[PDB]
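File shown here: run18.txt, holding compact mmCIF, C-alpha atoms.
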```txt
# COMPACT_ATOMS: atom_id res chain seq x y z
CA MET A 1 0.38 -17.54 9.33
CA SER A 2 1.74 -14.03 9.94
CA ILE A 3 2.93 -10.93 8.06
CA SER A 4 5.52 -11.69 5.37
CA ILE A 5 7.89 -9.11 3.92
CA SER A 6 9.94 -9.02 0.72
CA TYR A 7 12.72 -6.44 0.52
CA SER A 8 15.44 -5.43 -1.89
CA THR A 9 18.93 -6.02 -0.53
CA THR A 10 19.55 -2.25 -0.79
CA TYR A 11 17.27 -1.77 2.25
CA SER A 12 18.96 -4.41 4.50
CA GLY A 13 20.15 -1.88 7.05
CA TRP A 14 17.09 0.40 6.81
CA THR A 15 14.26 0.29 9.32
CA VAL A 16 10.72 -0.20 8.00
CA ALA A 17 9.60 3.20 9.36
CA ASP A 18 12.53 5.02 7.71
CA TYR A 19 11.95 3.27 4.41
CA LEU A 20 8.21 3.97 4.37
CA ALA A 21 8.78 7.59 5.36
CA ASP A 22 11.29 7.94 2.49
CA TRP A 23 8.98 6.06 0.08
CA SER A 24 6.02 8.31 1.00
CA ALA A 25 8.03 11.47 0.33
CA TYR A 26 9.29 10.01 -2.98
CA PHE A 27 5.77 8.97 -4.20
CA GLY A 28 4.32 12.21 -2.84
CA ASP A 29 0.72 13.41 -2.96
CA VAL A 30 -1.32 12.68 -6.14
CA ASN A 31 -3.85 15.32 -4.93
CA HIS A 32 -6.76 12.89 -5.14
CA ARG A 33 -9.54 14.79 -3.37
CA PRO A 34 -12.80 16.63 -4.14
CA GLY A 35 -12.38 19.11 -6.98
CA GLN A 36 -8.91 17.76 -7.89
CA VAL A 37 -9.92 14.45 -9.57
CA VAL A 38 -10.89 15.75 -12.99
CA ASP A 39 -9.48 13.04 -15.32
CA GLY A 40 -7.76 9.61 -15.12
CA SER A 41 -4.28 11.01 -14.34
CA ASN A 42 -4.53 10.61 -10.53
CA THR A 43 -7.29 7.99 -10.05
CA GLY A 44 -5.37 4.71 -10.29
CA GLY A 45 -7.11 1.55 -11.50
CA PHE A 46 -8.73 -1.72 -10.43
CA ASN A 47 -8.10 -5.23 -11.71
CA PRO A 48 -10.52 -6.09 -13.13
CA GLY A 49 -12.49 -2.91 -12.31
CA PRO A 50 -14.13 -0.61 -13.04
CA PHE A 51 -14.82 -0.09 -9.25
CA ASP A 52 -13.81 -3.41 -7.63
CA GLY A 53 -10.86 -5.72 -7.86
CA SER A 54 -8.33 -8.12 -6.45
CA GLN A 55 -5.85 -5.26 -7.13
CA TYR A 56 -5.89 -1.46 -6.85
CA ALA A 57 -2.77 0.18 -8.35
CA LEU A 58 -1.69 3.82 -8.63
CA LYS A 59 1.35 5.58 -10.08
CA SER A 60 2.78 8.82 -8.74
CA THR A 61 2.20 11.97 -10.73
CA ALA A 62 5.39 13.31 -9.07
CA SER A 63 7.68 10.32 -9.96
CA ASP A 64 8.00 6.75 -11.33
CA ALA A 65 6.87 5.48 -7.87
CA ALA A 66 3.84 3.18 -7.79
CA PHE A 67 2.03 0.88 -5.42
CA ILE A 68 -0.22 -2.14 -5.82
CA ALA A 69 -2.78 -2.92 -3.15
CA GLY A 70 -3.87 -6.55 -3.30
CA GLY A 71 -6.92 -8.20 -1.79
CA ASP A 72 -10.65 -7.90 -2.43
CA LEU A 73 -11.24 -4.18 -2.78
CA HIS A 74 -14.25 -2.00 -3.55
CA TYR A 75 -14.79 1.69 -4.26
CA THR A 76 -18.19 3.26 -3.53
CA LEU A 77 -17.60 6.15 -5.95
CA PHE A 78 -20.82 8.29 -5.62
CA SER A 79 -22.81 5.85 -3.41
CA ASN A 80 -22.97 6.53 0.33
CA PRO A 81 -20.64 6.54 2.10
CA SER A 82 -19.05 8.47 -0.78
CA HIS A 83 -15.49 7.87 -1.94
CA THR A 84 -14.78 4.89 0.31
CA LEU A 85 -12.22 2.23 -0.52
CA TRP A 86 -13.14 -0.84 1.54
CA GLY A 87 -12.94 -4.65 1.70
CA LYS A 88 -10.00 -6.96 2.26
CA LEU A 89 -6.41 -5.75 2.00
CA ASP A 90 -3.91 -8.68 2.02
CA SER A 91 -0.87 -6.94 0.57
CA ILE A 92 0.88 -3.72 -0.43
CA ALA A 93 3.70 -3.78 -3.00
CA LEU A 94 5.84 -0.61 -3.25
CA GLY A 95 8.26 0.27 -6.03
CA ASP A 96 8.88 1.77 -9.46
CA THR A 97 7.29 1.49 -12.89
CA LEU A 98 3.76 0.12 -12.79
CA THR A 99 2.98 -2.26 -15.68
CA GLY A 100 -0.17 -3.98 -16.94
CA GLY A 101 -3.74 -3.66 -15.72
CA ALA A 102 -7.11 -5.32 -16.21
CA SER A 103 -6.73 -5.71 -19.98
CA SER A 104 -3.52 -7.79 -19.53
CA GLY A 105 -4.62 -9.95 -16.58
CA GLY A 106 -3.15 -7.94 -13.72
CA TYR A 107 -0.85 -5.21 -12.47
CA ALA A 108 2.81 -5.64 -11.64
CA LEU A 109 5.80 -3.52 -10.69
CA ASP A 110 8.87 -3.58 -12.94
CA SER A 111 11.09 -2.80 -9.94
CA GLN A 112 9.49 -3.77 -6.64
CA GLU A 113 11.51 -2.40 -3.70
CA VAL A 114 9.43 -3.76 -0.78
CA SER A 115 6.14 -5.64 -0.31
CA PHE A 116 4.12 -6.47 2.80
CA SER A 117 1.74 -9.51 2.64
CA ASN A 118 -0.76 -11.27 4.91
CA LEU A 119 -1.81 -7.88 6.29
CA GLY A 120 -5.20 -9.42 7.18
CA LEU A 121 -7.10 -6.11 6.99
CA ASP A 122 -10.83 -6.18 6.38
CA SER A 123 -12.89 -2.98 6.55
CA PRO A 124 -16.68 -2.96 6.00
CA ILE A 125 -18.48 -0.44 3.81
CA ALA A 126 -20.43 1.01 6.76
CA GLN A 127 -17.25 2.49 8.32
CA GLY A 128 -16.81 4.79 5.33
CA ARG A 129 -13.52 6.65 5.31
CA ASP A 130 -12.90 5.77 8.98
CA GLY A 131 -12.08 2.25 7.73
CA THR A 132 -8.51 1.09 8.20
CA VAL A 133 -8.19 -0.18 4.62
CA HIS A 134 -9.34 3.26 3.45
CA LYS A 135 -6.86 5.16 5.63
CA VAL A 136 -3.92 2.85 4.79
CA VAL A 137 -4.39 3.17 1.04
CA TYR A 138 -5.36 6.85 1.00
CA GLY A 139 -2.26 7.49 3.11
CA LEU A 140 -0.13 6.03 0.31
CA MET A 141 -2.04 8.10 -2.28
CA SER A 142 -1.58 11.36 -0.33
CA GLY A 143 2.05 11.04 0.88
CA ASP A 144 1.45 9.91 4.51
CA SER A 145 2.27 6.26 5.20
CA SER A 146 1.65 6.39 8.98
CA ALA A 147 -1.59 4.37 8.83
CA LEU A 148 0.31 1.59 7.01
CA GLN A 149 3.20 1.91 9.48
CA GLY A 150 0.73 1.52 12.38
CA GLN A 151 -0.74 -1.71 10.95
CA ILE A 152 2.69 -3.16 10.11
CA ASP A 153 3.82 -2.37 13.68
CA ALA A 154 0.83 -4.22 15.25
CA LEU A 155 1.37 -7.23 12.97
CA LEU A 156 5.08 -7.35 13.90
CA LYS A 157 4.41 -7.04 17.67
CA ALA A 158 1.99 -9.98 17.39
CA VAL A 159 4.84 -12.16 16.05
CA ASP A 160 7.30 -10.99 18.74
CA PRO A 161 7.35 -7.95 21.08
CA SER A 162 11.01 -7.22 20.17
CA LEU A 163 9.95 -6.67 16.50
CA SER A 164 8.66 -3.27 15.35
CA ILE A 165 8.63 -0.84 12.42
CA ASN A 166 11.95 0.27 13.91
CA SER A 167 13.50 -3.15 13.32
CA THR A 168 15.71 -3.40 10.23
CA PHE A 169 14.66 -5.56 7.31
CA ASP A 170 17.63 -7.87 8.11
CA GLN A 171 16.52 -8.11 11.74
CA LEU A 172 13.03 -9.01 10.48
CA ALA A 173 14.61 -11.61 8.17
CA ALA A 174 16.57 -13.03 11.14
CA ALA A 175 13.18 -13.33 12.91
CA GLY A 176 11.74 -15.39 10.00
CA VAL A 177 9.26 -12.68 8.90
CA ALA A 178 11.12 -11.13 5.93
CA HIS A 179 13.29 -12.27 3.05
CA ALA A 180 15.78 -10.44 0.85
CA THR A 181 15.04 -10.43 -2.87
CA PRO A 182 17.05 -13.26 -4.62
CA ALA A 183 18.13 -10.77 -7.34
CA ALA A 184 18.49 -7.75 -4.94
```
Just give me the structure as structure tokens.
Amino acid sequence: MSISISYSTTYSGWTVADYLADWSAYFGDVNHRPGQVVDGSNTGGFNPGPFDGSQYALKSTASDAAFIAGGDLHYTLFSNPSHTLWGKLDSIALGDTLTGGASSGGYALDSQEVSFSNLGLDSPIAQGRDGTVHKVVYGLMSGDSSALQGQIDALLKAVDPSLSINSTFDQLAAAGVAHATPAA
């Protein structure tokens, strides 16, 4: 099957591009780069970890914004190619108030706004930071969601050429690809 989207009823009339652009600016840049990752405040975490998991989650240091990347993910840490997030990315959940972690059986968002599933991304280790999984996730860490937008757009086009990141969430629901959250 194809991409599947969950959205809060608040974003019915928003386009995906507009929402992601606003979400990016809200989450901001955690400043996760060489020389600026000195403690656990801007690293995020893996479930189960320490370097691999079915989830990678990160909260904003600017706000209550958080995301959860779901799939089969791996971080190289110091091994070559250095500082590469790779593997399978099935889903990205975006919202507020990250809860849980490895010690309590998984991460969750207290207030999920939007999630994208069946992304079908799969980047090998040998691509390093040129990998699509890497760029998508690092984009979300550093306040630029355009890599994610690009992948969502391709997945939507594949379902129908009239669907895009510029479609509204309601339009995407009308197309059978999205669904509004039962409790907003």
(request) Rank nothing, just name the residue among A:95, A:150, A:70, A:182 nearest to residue 52 (chain A), using only C-alpha atoms. (result)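 Counting only C-alpha atoms, the residue closest to residue 52 (chain A) is A:70.
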(request) Fewer than 5 positions away in the same chain doesn't count, so skip those; otherwise give me all residues within 9 Å of residue 184 (chain A), counting only C-alpha atoms, as a ChimeraX atom specification. (result) /A:7-10,113
(request) Would you mind telling me which residue in A:169, A:107, A:23, A:116 lies nearest to residue 54 (chain A) when using all atoms listed in the file? (result) A:107
Taking 4 positions as the minimum chain separation for residues in the same chain, which residues sit within 7 Å of region 33-47 of chain A when counting only C-alpha atoms? Answer as a PDB file with C-alpha atoms, in the coordinates of the input.
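Listed below is the output, around16.pdb:
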```pdb
ATOM      1  CA  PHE A  51     -14.820  -0.090  -9.250  1.00  0.00           C
ATOM      2  CA  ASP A  52     -13.810  -3.410  -7.630  1.00  0.00           C
ATOM      3  CA  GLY A  53     -10.860  -5.720  -7.860  1.00  0.00           C
ATOM      4  CA  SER A  54      -8.330  -8.120  -6.450  1.00  0.00           C
ATOM      5  CA  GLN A  55      -5.850  -5.260  -7.130  1.00  0.00           C
ATOM      6  CA  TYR A  56      -5.890  -1.460  -6.850  1.00  0.00           C
ATOM      7  CA  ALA A  57      -2.770   0.180  -8.350  1.00  0.00           C
ATOM      8  CA  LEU A  58      -1.690   3.820  -8.630  1.00  0.00           C
ATOM      9  CA  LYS A  59       1.350   5.580 -10.080  1.00  0.00           C
ATOM     10  CA  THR A  61       2.200  11.970 -10.730  1.00  0.00           C
ATOM     11  CA  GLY A 101      -3.740  -3.660 -15.720  1.00  0.00           C
ATOM     12  CA  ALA A 102      -7.110  -5.320 -16.210  1.00  0.00           C
ATOM     13  CA  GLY A 106      -3.150  -7.940 -13.720  1.00  0.00           C
TER      14      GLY A 106
END
```
(message) Calculated over only C-alpha atoms, which of the candidates A:109, A:69, A:121, A:62 has the smallest distance to residue 88 (chain A)?
(response)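 Checking each candidate against residue 88 (chain A), we get A:121 as the closest.
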(request) Would you kindly identify which residues have an atom no farther than 10 Å from (7.9, -15.5, 13.1), using only C-alpha atoms and the file's own coordinates, and write them out as JSON, numbers by chain? (result) {"A": [1, 2, 3, 4, 156, 158, 159, 160, 163, 172, 173, 174, 175, 176, 177, 178]}
(message) For a quick check of understanding, using all atoms listed in the file, which of A:74, A:32, A:179, A:83 has the smallest distance to residue 129 (chain A)?
(response) A:83
(message) Report as a ChimeraX atom specification all protein, DNA and RNA residues lying within 6 Å of residue 93 (chain A), evaluated on all atoms listed in the file, omitting residues in the same chain fewer than 4 positions from it.
(response) /A:67-68,115
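For the pair CA of residue 133 (chain A) and CA of residue 89 (chain A), the separation is 6.4 Å.
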(request) Please identify all polymer residues within 7 Å of residue 87 (chain A), counting all atoms listed in the file, omitting same-chain residues fewer than 4 positions from it, and present them as an MDAnalysis selection string. (result) chainID A and resid 72:74 122:124
Need the axis-aligned box for region 111-123 of chain A with 6 Å each side, so what are the centre and edges in Å to one decimal, as lines of an AutoDock Vina configuration file?
```
center_x = -0.7
center_y = -6.8
center_z = -1.4
size_x = 36.4
size_y = 20.9
size_z = 29.1
```
Answer as an mmCIF file with C-alpha atoms, in the coordinates of the input, residues within 12 Å of (-18.4, 5.4, -6.8) using only C-alpha atoms:
```cif
data_model
loop_
_atom_site.group_PDB
_atom_site.id
_atom_site.type_symbol
_atom_site.label_atom_id
_atom_site.label_comp_id
_atom_site.auth_asym_id
_atom_site.auth_seq_id
_atom_site.Cartn_x
_atom_site.Cartn_y
_atom_site.Cartn_z
ATOM 1 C CA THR A 43 -7.290 7.990 -10.050
ATOM 2 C CA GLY A 49 -12.490 -2.910 -12.310
ATOM 3 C CA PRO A 50 -14.130 -0.610 -13.040
ATOM 4 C CA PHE A 51 -14.820 -0.090 -9.250
ATOM 5 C CA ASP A 52 -13.810 -3.410 -7.630
ATOM 6 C CA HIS A 74 -14.250 -2.000 -3.550
ATOM 7 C CA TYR A 75 -14.790 1.690 -4.260
ATOM 8 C CA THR A 76 -18.190 3.260 -3.530
ATOM 9 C CA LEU A 77 -17.600 6.150 -5.950
ATOM 10 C CA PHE A 78 -20.820 8.290 -5.620
ATOM 11 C CA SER A 79 -22.810 5.850 -3.410
ATOM 12 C CA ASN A 80 -22.970 6.530 0.330
ATOM 13 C CA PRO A 81 -20.640 6.540 2.100
ATOM 14 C CA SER A 82 -19.050 8.470 -0.780
ATOM 15 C CA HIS A 83 -15.490 7.870 -1.940
ATOM 16 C CA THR A 84 -14.780 4.890 0.310
ATOM 17 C CA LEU A 85 -12.220 2.230 -0.520
ATOM 18 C CA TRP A 86 -13.140 -0.840 1.540
#
```
(request) Between CA of residue 94 (chain A) and CA of residue 125 (chain A), measure the distance and give it in Å to one decimal. (result) 25.3 Å
(request) Can you work out the spacing between CA of residue 144 (chain A) and CA of residue 20 (chain A) in Å, to one decimal? (result)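 Rounded to one decimal, the two atoms are 9.0 Å apart.
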(message) Taking 6 positions as the minimum chain separation for residues in the same chain, which residues sit within 10 Å of residue 139 (chain A) when counting only C-alpha atoms? Answer as a PyMOL selection string.
(response) chain A and resi 24+29+133+145-148
